[PDB]
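Chains as they are written, first to last, in this note's numbering: chain A, 301 to 688; chain Y, 301 to 688; chain R, 202 to 251.
Written below as structure tokens is the structure these notes are about.
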RNA sequence: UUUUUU
RNA sequence: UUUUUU
RNA sequence: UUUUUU
């Protein structure tokens, strides 16, 4: 095969090319230490290296009541092993301040200056679970950007307060605090992976915070992977007999992009349970799935998908995909109407049964058009009010 | 075979014809030493021999937390072994200045004068990972030249800042600093190979810097090898039944170039995972793949490729390939339209299904023509504004 | 059967009469004249009447 | 010598 | 680079 | 996020 050159170095075998070691602390006052860490985050000081260790300890306090010996035996730590990430257990007896967990060295010595200056509140009421839930609120639409993150987080805050599930501290719902939390969970990988694992693997026994985390993980599936959903659901549509190709995707240049996309999906399927979270977790073969590598396939698939529903009309695209998207959308509208008349005729139904279903279909289309127009106006208003 | 003479000395067996030994240092203050090295680079002093050692230590600080004992066991060092490149571990106890890592000898004695004169900043905030990411930003379009390097780097700087991923020091985003970094990573081989290996082999667990490096390595595939992509995707197009030859490539003189090109691709395939990076890494058989050895094949392939998309119209060629490229492009346009009418007719579709797809195809072609004209105007404007 | 055939050519946005015209010497000459006319934006005359 | 978009 | 609704 | 009656 002389054409395999184009696929060289894409779906490479699993290999460990790093060594990362994280210190976990066996202590007695795990709750107090976690409260101190939460206060440290609230202040907004950057955690150079101890961010990973502090957030992992915050996670093991919520998942395993605070002892890391049980965490190293968990499936999460087993998965992190094999990618070069290991955890260290280190006993401490008297932890009167947060700083004696820090080591010695240039960065630790620099950060000790700042952590020594804070006035920690001796009595505080905030568990690790509350912080973990608030952080999980950011996971859907995290790859979109700051605006969408904060917007969705507020929306979810009302959704969870009305549900009578949790109340968050008022200082947590300010723009500044949300901004620092966005920094923190955008940069860090271990926190996001631990949230994903806990959310999508706890089969029962959810607390309030566990319920919130599970919901947020469910809402995060295929975030940043809209191309996969659109292509698989509409372009490479599967039927009872086989994989039917859509009529709008039979252009010659689309076919090559479709072949390469099949290969890229084949690579993405390697991460079994975490494939829906590839863009969030920055897994290996996720840069191979981009608009820009498959310009017209992406535009056509999004247009075909937009033709069906009414909320996909609010998805923005770059300057160079709008017109092809609209053309595909209108073509799919006309094709869908034609197929619906033919399928209505082929069905075994009466005269009155015709007319009931036909009036219903007309009303359905009308509702769909009206809702799509409303969504388009909403998107235009949002965009044009952003830029003022 | 009397014709094998023309292929003598092209795909030669693997053999080691060099011996290169690099000293790696086992120390305690790896972070401080790396900060000193970064400051040395920031000043702009040339590193005669210690460039390789300093950058390799900078890489092992980011990949393995700073101990070279783990790096010598890595697959990267195993690959470098077998090409005559070895690493030396050398313990040091008290490293109070950068200069005591240097040895004794004419070049070291000369460079000690300069490194003794710098005023190193005792406290600095810049990891090895940040420098490695900034250097990886240069890898795509590195073989093009200084202009494209700096242009793409700035574009990526906005892309990564808007994504909320990293912030770089302001002095790093000046033309002078980018210029010295271009010198440094253009000359050095070990740094580029280490960046490539880390980017394309880390399957999961990416940090922010690891994510940036992986993205930049993904964008670097087949950089400087546009001829391979064009020929393999269009000229030697492969089908369900075999490798179809394009109609425009059946001229007699193109056939011999195509045979030689098949041999050259056969040689290039020897480097399995690093074939996409052959021109960047200056691998063995990459001078055998040039425009100039295959003049008309290159021109025809680029023209056929340009006919399909709209961004390939911005690729420049030499004085002696423009007209053949344009002729091939126009011929491919007409052939593509003919094939599209025939393929539309052969498909099993209705009357209305005709007209929907035919209007869609017309709109698609119109959009394509408009975008190609815009890109051509952009290229003309860029070139004619460069030369003023 | 007498050598006269018709071509179907799709156009999306026809804001003026001139963009139906092609490119060429005669079309380029006639575009000058059709560009100078002041077409009446609202008119009441069908093709059937003509 | 490379020249586009990602 | 991502862009919707959930 | 759920929305009725039992």
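We put the beta carbon where it would ideally sit given N, CA and C, even for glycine.
Helix, strand or coil for residue 391 of chain Y per DSSP?
strand
For residue 309 of chain A, decide whether its Cβ has a neighbour in chain Y, counting only Cβ atoms nearer than 8 angstroms.
yes
Who are the neighbours of residue 660 of chain Y on chain A, taking C-beta pairs under 8 angstroms?
548, 627, 628, 631
Distance, Cα to Cα, residue 543 of chain Y vs residue 537 of chain Y?
6 angstroms
Within 8 angstroms, strictly: CB atoms of residue 517 of chain A and residue 490 of chain A
no
Provide the residue span of the beta strand (DSSP E) that contains residue 326 of chain A, from first to last.
320-326
Taking residue 379 of chain A and residue 370 of chain A to be in contact with their CB atoms under 8 angstroms, please state how far apart those CB atoms are, rounded to whole angstroms.
The Cβ separation is near 16 angstroms, so there is no contact.
Please state the DSSP three-state secondary structure of residue 543 of chain A.
strand
Collapsed DSSP secondary structure at residue 718 of chain A in the structure displayed
Residue 718 of chain A is absent from the structure shown; chain A starts at 301 and stops at 688.
Residue 555 of chain Y in three-state terms, based on DSSP:
Looking at residue 555 of chain Y - three-state DSSP - the assignment turns out to be helix.
Where DSSP assigns a beta bridge to residue 538 of chain Y, which residues make up the other side?
Y:543
For residue 400 of chain Y, would you say it is in contact with chain A, using Cβ-to-Cβ distances shorter than 8 angstroms as the test?
no
Would you verify that the beta carbon of residue 361 of chain A is, or is not, closer than 8 angstroms to some beta carbon of chain Y?
no
Excluding the 5 residues preceding and the 5 following residue 604 of chain A in the sequence, name in chain order all residues of the same chain whose CB lies nearer than 8 angstroms to its CB.
530, 534, 535, 546, 548, 628, 629, 632
Per-residue DSSP class, three states only, for residue 385 of chain A
strand
So is residue 305 of chain Y buried or exposed if we call it buried at 16+ other beta carbons inside 10 Å?
exposed
Relative to the C-alpha of residue 607 of chain A, which candidate in A:642, A:649, A:676 has its C-alpha closest?
A:676
Do the stretch 208-215 of chain R and the stretch 637-653 of chain A meet, that is, are 3 or more Cβ pairs less than 8 angstroms apart?
Between the stretch 208-215 of chain R and the stretch 637-653 of chain A, the count of Cβ pairs shorter than 8 angstroms is below three; the stretches do not touch.
is_contact[residue 515 of chain Y, chain A] using C-beta, thresh 8 angstroms:
Cβ-Cβ to chain A under 8 angstroms: yes for residue 515 of chain Y.
Mind pulling the alpha helix (DSSP H) runs of 4 or more residues that sit fully within the stretch 604-679 of chain A?
622-646
Contact list for the stretch 476-497 of chain A against chain Y, Cβ threshold 9 angstroms
482, 483, 486, 487, 488, 489, 490, 493
Is the stretch 463-478 of chain A touching the stretch 433-453 of chain A, taking contact as three or more C-beta pairs under 8 angstroms?
Contact between the stretch 463-478 of chain A and the stretch 433-453 of chain A is present, because at least three Cβ pairs lie under 8 angstroms.
Under 8 angstroms between C-beta atoms of residue 324 of chain Y and residue 375 of chain Y
no
Going by beta-carbon coordinates alone, are residue 360 of chain A and residue 402 of chain A separated by less than 8 angstroms?
With respect to residue 402 of chain A, residue 360 of chain A sits apart: the two C-beta atoms are not nearer than 8 angstroms.
Please classify residue 353 of chain Y as buried or exposed, where buried requires at least 16 other C-beta atoms within 10 Å of its C-beta.
buried
Rounded to a whole number of angstroms, what is the C-alpha to C-alpha distance between residue 381 of chain Y and residue 406 of chain A?
Between residue 381 of chain Y and residue 406 of chain A, the alpha-carbon positions lie close to 34 angstroms from each other.
Check whether the Cβ atoms of residue 565 of chain A and residue 574 of chain A sit closer than 8 angstroms, and answer yes or no.
no
Counting pairs of beta carbons, one from the stretch 317-331 of chain A and one from the stretch 392-401 of chain A, are three or more of them closer than 8 angstroms?
yes
Anything in chain A within Cβ reach of residue 433 of chain Y, meaning under 8 angstroms, just list it in chain order.
Residues of chain A passing the Cβ test: none, with the nearest at roughly 13 angstroms.
Residue ranges of each beta strand (DSSP E) within the stretch 459-515 of chain A, 3 or longer
none
Is it true that the CB of residue 556 of chain A sits closer than 8 angstroms to the CB of residue 311 of chain A?
no
Output needed for residue 408 of chain A: all residues of its chain with C-beta closer than 7 angstroms, excluding positions within five of it in sequence on either side, in chain order.
Excluding sequence neighbours, residue 408 of chain A sits near 402.
My output table needs one value for residue 441 of chain Y: the three-state DSSP class, helix, strand or coil.
coil
Note down, in chain order, all residues in the stretch 365-386 of chain A with a beta-carbon under 7 angstroms from any beta-carbon belonging to chain Y.
383, 384, 385
Enumerate in chain order the residues of its own chain whose CB-to-CB distance from residue 700 of chain Y is below 7 angstroms, with the five nearest sequence positions on each side excluded.
Summary: the structure shown does not reach residue 700 of chain Y, with chain Y confined to residues 301 through 688, and so no result is reported for it.
Just by C-beta distance, which residues in the stretch 648-678 of chain Y are closer than 8 angstroms to chain R?
Going along the stretch 648-678 of chain Y in chain order, one finds 658, 659, 662, 663, 666 with a Cβ nearer than 8 angstroms to chain R.
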